[PDB]
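Counted from 1, the sequence shown has number 218 at position 184 by the UniProt record's numbering; the numbering is strictly sequential. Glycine included, each C-beta is placed from N, C-alpha and C at the ideal position. Step one of this worksheet: look at the structure below.
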Amino acid sequence: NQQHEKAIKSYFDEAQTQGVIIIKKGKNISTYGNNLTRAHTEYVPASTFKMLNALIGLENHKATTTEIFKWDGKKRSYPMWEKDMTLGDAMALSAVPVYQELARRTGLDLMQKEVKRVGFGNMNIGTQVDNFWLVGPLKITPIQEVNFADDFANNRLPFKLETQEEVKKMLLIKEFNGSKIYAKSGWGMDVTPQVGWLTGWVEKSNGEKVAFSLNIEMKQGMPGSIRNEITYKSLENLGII
């Protein structure tokens, strides 16, 4: 344990920021990093919330996986997003306007009841249905995120199995020789300090799943790819990949 703890701490120190990565193997949770107090600190979920937004919208018949969300011509933050696309396309791009459209279909009352029912973070979505995961009031700790990811990996979230499978398919980001990474990034740019997330699980070819949640402070000039770099170095050190 001491050797893994020192090595994983060193990956955050090398990144010149403060962070944790939580690992869930079976019944056991482990916390690593260079500022362990982050593990029980609440942060906005940022785009990690897209996982739950998608589950809620599909379960309640507000969308399907083949539906095309049309661009309405309004200016978006990235020209790439100014196109028609599916929920899965938008998941991979973190295209917030598509997920705002979905959230508005669900509506405030149903969204709040669902977030409370799932027990996600502090469970408060407030009164602004289309930005609550970006700026608050909804906040969640890294340990809460890893437990969400662990449930999702094992089809234990309180949604139909088919709904969980549909959203899982939107989250494949990488494969290492038979080991697949299902994860969602987040970057809260409208809070201070900024928060970076990568939450998901490793799915091994034998069916085993290991959930993880990386949480870091994003610094000025720091690349988004640092989230993946720290995560993969940590998973490799632990022998998970």
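Looking only at DSSP bridge pairs, what is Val-244 linked to? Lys-59, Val-236
How long is the line joining the alpha carbons of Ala-41 and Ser-268, rounded to whole angstroms? Cα-Cα distance, rounded: 8 Å.
Alpha carbon to alpha carbon, how far is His-74 from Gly-60? Give it in angstroms, no decimals. 20 Å
Since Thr-65 sits in a beta bridge, which residues does DSSP pair it with? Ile-56
For a test of your reading of the model: does the CB of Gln-254 fall under 6 Å from any non-hydrogen atom of the ligand NAP? Yes or no. As for the ligand NAP, it is missing from this structure, which has no ligand bound.
If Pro-79 and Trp-167 are in contact, beta carbons under 8 Å, what's the gap, nearest whole angstrom? 5 Å
Would you call the CB atoms of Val-163 and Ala-88 closer than 7 Å? no
Grab the span of the beta strand (DSSP E) containing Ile-275 for me, first residue to last. Element bounds for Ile-275: n/a, residue is neither H nor E.
Any chance the segment 48–63 sits against the segment 140–154, with 3 or more Cβ pairs inside 8 Å? no
Start-end ranges of the alpha helix (DSSP H) lying completely within the segment 178–264, minimum 4 residues: 195–203
C-alpha distance - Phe-186 paired with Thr-226, whole-angstrom precision: Here the alpha carbon of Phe-186 sits roughly 29 Å from the alpha carbon of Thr-226.
Figure out for me which residue from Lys-43, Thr-71, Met-85, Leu-70 has the closest Cα to the Cα of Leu-191. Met-85
State the start and end residues of the unbroken alpha helix (DSSP H) segment that holds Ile-90. Looking at the DSSP string, the run of the alpha helix (DSSP H) that includes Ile-90 is 84–93.
Whether or not the segment 61–73 and the segment 90–101 are in contact is what I'm after, with contact meaning three or more pairs of Cβ atoms, one per stretch, closer than 8 Å; do they touch? no
If you draw a straight line from the C-alpha of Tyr-266 to the C-alpha of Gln-134, how long is it? C-alpha separation (whole angstroms): 30 Å.
Less than 7 Å separating the beta-carbons of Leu-248 and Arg-261? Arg-261 sits close to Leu-248, with the two beta carbons spaced by under 7 Å.
If you check the beta carbons only, do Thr-120 and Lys-218 fall under 7 Å apart? no
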